[PDB]
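Asks:
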Amino acid sequence: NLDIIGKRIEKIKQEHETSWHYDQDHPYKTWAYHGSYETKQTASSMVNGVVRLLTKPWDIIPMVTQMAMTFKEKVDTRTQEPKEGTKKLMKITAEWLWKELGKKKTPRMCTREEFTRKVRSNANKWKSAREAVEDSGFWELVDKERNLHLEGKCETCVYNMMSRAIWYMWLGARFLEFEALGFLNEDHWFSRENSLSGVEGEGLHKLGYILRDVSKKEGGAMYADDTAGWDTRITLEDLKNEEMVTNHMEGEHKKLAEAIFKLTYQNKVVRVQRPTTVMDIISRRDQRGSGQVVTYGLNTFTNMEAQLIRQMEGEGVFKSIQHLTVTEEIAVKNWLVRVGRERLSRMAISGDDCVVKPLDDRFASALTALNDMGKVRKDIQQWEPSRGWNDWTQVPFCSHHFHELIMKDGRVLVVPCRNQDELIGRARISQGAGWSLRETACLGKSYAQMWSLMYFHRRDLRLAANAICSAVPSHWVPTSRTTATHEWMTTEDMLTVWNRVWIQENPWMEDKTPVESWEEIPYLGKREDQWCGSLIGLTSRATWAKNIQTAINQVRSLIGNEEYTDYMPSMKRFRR
Ligand SMILES: NC(=S)Nc1ccccc1OC(F)(F)F
Ligand SMILES: [Cl-]
Ligand SMILES: [Zn+2]
Ligand SMILES: [Zn+2]
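For the sequence shown, the residue numbers in UniProt numbering are 2764 to 2805, 2808 to 2835, 2846 to 2898, 2908 to 2946, 2962 to 3075, 3079 to 3285, 3290 to 3382.
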């Protein structure tokens, strides 16, 4: 309590001394409440006109158009403390898992240099973050806080709250987080090669092949249970097992990392905007509140831990969670040593998302440890057995499913897919306002190149991608605002990138013969394409395709007299 957060609280109070008020109508039961002060402020989603003008048939599909319009009673919930046997299972598994992750990696601090480059390449006292990073005063502020963290105290590391709640901090706090824990992401601790379960850095053109590799293992069904609000179910016991990564560290780094875990993760200060408009200063020990990048790595870690323990329960390694006998600890430790690495290779885990191919289907009803850790499954009754998948091509993972697609030359592509309304509806949205026509067109082109690389097998997305790349000046560079490896972010010719990604660099493709034209590159079956949302067969789509050069010319006239390429003859029906 207040020893560790008092300074932070004391400091906020005194910047708003003409405001402080201990409110008695504060809506917090689960968040500790401290006080309030005066404010008044809010970003919604704007439509990308280039993408929308080249996707006219979708103007009348509610699933597309509704996406561009428009439970916080989950953050104000509380998870019980796991039983003593659960806590032992978690501590033993966590200790073993950090050791395995650390075998071929060295923890290390990340630098002002690395941080500075990252804000400049794009990943109130100053305007943008770009500015603060050049001003040497900022870095004096960082040093002040840093020396405080070496003392075991904190002054400025305060969360600002905004199934999506986002906890921004001031850039200095993010730096200190990155300094201490950036190695997890920067040095690929959750890569598949290092962690066996992980997919960090793998890319959407790899995830399907990875699921197919898991399918080749002897075992039962594939299970893909989502957790209901994963970030809100992270226990103080989880935060303490995550902190054990500091056991692998040394000198100053060890102390900087311990200070991030103790002072910002296992104790938290948050400012929240309440309309009735005051800023509320609340605290709590548990739940997830790191930066999005550290959150991903620690989510992956704890998910790997929970899923190994669920697999232990299904194999009958332990009998009850209430208490672990001495021999049961010996059996758990010996299971980890003997088959831990084989059991990790049976999973694909991306933060809170997982796919497990267990040894057999006893896993489906092994629910005691999972429920007691507070990782309660979404949209199924607490004690109802999981429904597994019999076909890897139907398993959901990272918002996708995966098709097996045979090329006219017999080589096998495993391709990512989702409902086409979701893909078109997202490409029609721009984040933030103040965008020029040119910037809006370059965001359109980023989507079009992504579709050509990942979704080429969808007849409507190949045609719309060609139309957008034909309508945007040939040499304009694709742009974004929140950058999964992104090979579509380039001015290189998309056929050449396709060959690099799908043939040359694809470790599941033995024959390295380049593809010479887009017509060698196959589609889904026409019925599968319709099943996944295609408009092929509709009159609205036939008129769109047939008259596509008129939509292209409409966007060219708006942008003006620039150099354009016609990509439409890369498709058979337009090749005259
Ligand atoms: N990506 C996250 S969560 N933090 C971070 C790490 C390294 C550089 C910058 C970053 O902070 C910023 F994006 F807020 F600026
Ligand atoms: Cl199935
Ligand atoms: Zn601090
Ligand atoms: Zn599909």
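The beta carbon of each residue, even a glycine, is placed where N, CA and C say it ideally should be.
Can you pull every residue whose C-beta falls closer than 7 Å to some heavy atom of ligand 2, listed in chain order?
Replies: That gives 3191, 3192, 3193 and 3196.
Asks: Return the Cβ separation of residue 3056 and residue 2980 in integer angstroms, given the expectation that the two are a contact with Cβ distance under 8 Å.
Replies: Confirmed, Cβ separation roughly 6 Å.
Asks: Should residue 2929 be counted as a contact of ligand 3 given a C-beta to heavy atom distance under 6 Å?
Replies: Answer for residue 2929: yes, Cβ within range of ligand 3.
Asks: Can you name the start and end residues of the alpha helix (DSSP H) that residue 2974 belongs to?
Replies: Segment 2970-2980, the alpha helix (DSSP H) holding residue 2974.
Asks: Among 3316, 3313 and 3257, which has the Cα closest to the Cα of residue 3300?
Replies: It is 3257 whose Cα lies nearest to the Cα of residue 3300.
Asks: The alpha helix (DSSP H) spanning residue 3263 covers which residue range?
Replies: 3261-3273 is the extent of the alpha helix (DSSP H) around residue 3263.
Asks: Quick check on the burial criterion: 16 or more other C-beta atoms within 10 angstroms. Buried or exposed for residue 3277?
Replies: That one is exposed.
Asks: In or out: residue 2846 buried (at least 16 other Cβ within 10 Å) or exposed?
Replies: Per the 10 Å Cβ criterion, exposed.
Asks: Please list, following the chain, all residues that have a C-beta closer than 5 Å to any non-hydrogen atom of ligand 4.
Replies: The set, ordered by position in the chain, is 3219 and 3338.
Asks: Out of curiosity, what's the CA-to-CA distance linking residue 3061 and residue 3117?
Replies: When rounded, the distance between both Cα atoms is 36 Å.
Asks: Say the cut is 6 Å; is the CB of residue 3244 nearer than that to a heavy atom of ligand 3?
Replies: Result no, Cβ not under 6 Å from ligand 3.
Asks: Quick check on residue 2865: does DSSP put it in helix, strand or coil?
Replies: Note: residue 2865 maps to helix in three-state DSSP.
Asks: Measure the C-alpha to C-alpha separation of residue 3053 and residue 3271 and round it to an integer number of angstroms.
Replies: Cα-Cα distance, rounded: 50 Å.
Asks: Measuring CB to CB, does residue 3317 end up less than 7 Å from residue 3213?
Replies: Cβ atoms of residue 3317 and residue 3213: closer than 7 Å.
Asks: Quick check: is any heavy atom of ligand 1 less than 6 Å from the C-beta of residue 2917?
Replies: Every heavy atom of ligand 1 is 6 Å or more from the Cβ of residue 2917, so no.
Asks: Report buried or exposed for residue 3337, applying the criterion of at least 16 other Cβ atoms within 10 angstroms of its Cβ.
Replies: The residue in question, residue 3337, is exposed, as its Cβ has fewer than 16 Cβ neighbours within 10 Å.
Asks: Helix, strand or coil, according to DSSP, for residue 3165 in the structure here?
Replies: Reduced to three states, the DSSP call for residue 3165 is helix.
Asks: Just the residues with CB closer than 7 Å to a heavy atom of ligand 3, in chain order, which are they?
Replies: For ligand 3, the selected residues are 2929, 2932, 2933, 2938, 2939, 2940, 2941, 2972, 2975, 3062 and 3063.
Asks: Which residue marks the beginning of the alpha helix (DSSP H) containing residue 3052, and which one marks its end?
Replies: Segment 3050-3058, the alpha helix (DSSP H) holding residue 3052.
Asks: Inspect the beta-carbon positions of residue 2883 and residue 2989 and report whether they are closer than 7 Å.
Replies: No.
Asks: What is the C-beta distance between residue 3085 and residue 3067, in whole angstroms, given that I count them as a contact (C-beta under 8 Å)?
Replies: That pair is a contact at about 6 Å.
Asks: What whole-angstrom Cβ distance do residue 2849 and residue 3028 have, given they're in contact under 8 Å?
Replies: The Cβ separation is near 5 Å, so the contact holds.
Asks: Would you be able to state if there are at least three C-beta pairs under 8 Å between the region 2925-2940 and the region 3017-3037?
Replies: No, they do not touch.
Asks: Please go through the same chain and pick out, in chain order, the residues whose beta-carbon is closer than 7 Å to the beta-carbon of residue 3320, but skip the five residues on each side of it.
Replies: Taken in chain order, the residues that qualify are 3305 and 3309.
Asks: Of the choices 2822, 2864, 2817 and 2821, whose alpha-carbon is the least far from that of residue 3136?
Replies: The shortest Cα separation from residue 3136 among 2822, 2864, 2817 and 2821 belongs to 2864.
Asks: Just mark residue 2784 as buried or exposed, buried being the case when its beta carbon has 16 or more other beta carbons within 10 Å.
Replies: It is exposed - the Cβ of residue 2784 has fewer than 16 other Cβ atoms within 10 Å.
Asks: Leaving out five residues before and five after residue 3179 in sequence, what residues of the same chain have Cβ atoms less than 6 Å from its Cβ?
Replies: Closer than 6 Å at the Cβ level, and outside the excluded window around residue 3179, lie 3024.
Asks: Closer than 8 Å by C-beta to residue 3143: which residues in its own chain qualify, once you throw out the five before and the five after it? Chain order, please.
Replies: The answer, listed in chain order, is 2875 and 2995.
Asks: Give the DSSP-derived three-state secondary structure of residue 2874 in the structure shown.
Replies: Three-state result, residue 2874: helix.
Asks: For a test of the three-state rule: what should DSSP assign to residue 2851, helix, strand or coil?
Replies: Residue 2851 falls in the coil class under three-state DSSP.
Asks: Can you list, in chain order, the residues of its chain with a C-beta nearer than 6 Å to that of residue 3125? Leave out the 5 residues immediately preceding and following it.
Replies: Result list for residue 3125: 2859 and 2860, in chain order.
Asks: Report yes or no: do the region 3231-3243 and the region 3199-3206 share at least 3 C-beta pairs separated by less than 8 Å?
Replies: At 8 Å Cβ cutoff, the stretches do not touch.
Asks: Give the secondary structure of residue 3200 by DSSP, where H, G and I count as helix, E and B as strand, and everything else as coil.
Replies: Looking at residue 3200 - three-state DSSP - the assignment turns out to be coil, as it is neither helix nor strand.
Asks: If you pair each beta-carbon of the region 3165-3182 with each one of the region 2912-2929, do three or more pairs fall below 8 Å?
Replies: These segments do not touch.
Asks: Can you tell me the Cα-Cα spacing of residue 3152 and residue 2997, whole angstroms?
Replies: When rounded, the distance between both Cα atoms is 6 Å.
Asks: Check each candidate in 3283, 3352, 3298 and 3351 and name the one with the smallest Cα separation from residue 2898.
Replies: With distances taken between Cα atoms, residue 2898 lies closest to 3283.
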